[PDB]
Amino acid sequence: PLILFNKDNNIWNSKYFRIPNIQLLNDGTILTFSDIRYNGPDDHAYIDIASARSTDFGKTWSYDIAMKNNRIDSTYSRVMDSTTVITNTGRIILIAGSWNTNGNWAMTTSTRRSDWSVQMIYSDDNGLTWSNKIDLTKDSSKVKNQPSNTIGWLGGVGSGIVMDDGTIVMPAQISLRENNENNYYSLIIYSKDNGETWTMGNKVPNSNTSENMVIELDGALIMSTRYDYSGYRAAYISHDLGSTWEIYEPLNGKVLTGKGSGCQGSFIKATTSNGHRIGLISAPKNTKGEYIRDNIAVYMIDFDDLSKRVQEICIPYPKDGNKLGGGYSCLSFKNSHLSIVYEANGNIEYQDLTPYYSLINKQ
């Protein structure tokens, strides 16, 4: 597989890369992102977000820093954990978490984390240039319905979606002060004005849920989320754009994730030529357990043939993850093409999976 971001040969002399992201553009351009983890694998470190862009279907790549941290702390300033979407205008939005101090974003403080913010950039030239950073949390003018007991929140790490009428929906994760503890939950945020302003949904039914993505299905939102220490990815459905949730049985509990903590993965919808809507999920099998996160696999469900069990399509990364930080992945599906980016021993690798989609599509 192509090494897209190479810890042993990159223009930033970065020691590590983590948290990859991919969008297949309507015109065939491939846009990807990654944390530039300059000094090593740690989350609590100095990080910027790179882009890598290809106009020859992944043969060659042009690299850039898509978003810089706040440059306040040479050890801890970081923007990281990209969540992206392409809107119906073709605008590309990236939302990242921003901090500049040591300590887990959700658990370190009992009040709103003072160095925390959510930063947005967008591109109206298909990822060639980016806006200035837009701070979504410094005031109350950009995001509605943020809870007063928020410790912090960020995107779900992956891709958002667009509803039938153009509404943008982004997966998110939040930490909330509740009865003298901090509990973290998945949720969504949505924008009806091309990302200028947002409204936050309500938390899903279970805590210990974090990184996630949602698909749209007949107006409903279906979320596949990391559910820590359950052994599986939870799934929930919302019929009111994320105000209420219930368990979605056909996917809940069906993708197992091994012993220990959960892991980020991706979840997207494709419509095959027979009209069926299928869900594709990427995540480590983690048969070896905890943070080994071996065998990043791709799974399929057919929402129009739900008695057929979830199927393992392929394993793009049939290797142990690096315990320092590995296992994350991102699928993108567009115009009958399917691509993946994933963590691979401190690098990011890229693969075109379109031949597997052809097998599924049965033309």
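So that there is no doubt, residue numbering starts at 1 and follows the sequence shown.
With 154-162 and 126-134 compared on mean CA B-factor from the PDB entry, the stretch scoring higher is 126-134. 137-145 and 195-203 differ in mean CA B-factor, and the higher of the two is recorded for 137-145. Note on the listed residues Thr257, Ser266, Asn180, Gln173: the highest Cα temperature factor in the record is that of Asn180. Residue-level inspection of the entry shows that, of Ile237, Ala96, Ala283, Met107, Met107 has the top Cα B-factor. When the modelled residues of the chain are ordered by C-alpha B-factor, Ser14 sits in the highest third. Split the chain's modelled residues into thirds by C-alpha temperature factor. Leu25 is in the highest one. Ranked against the other modelled residues of its chain, the C-alpha B-factor of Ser329 as given in the entry falls in the lowest third.
Among the modelled residues of its chain, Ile278 has a C-alpha B-factor that falls in the middle third, as given in the PDB entry.
Compared with the other modelled residues of the chain, the Cα B-factor recorded for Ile168 ranks in the lowest third.
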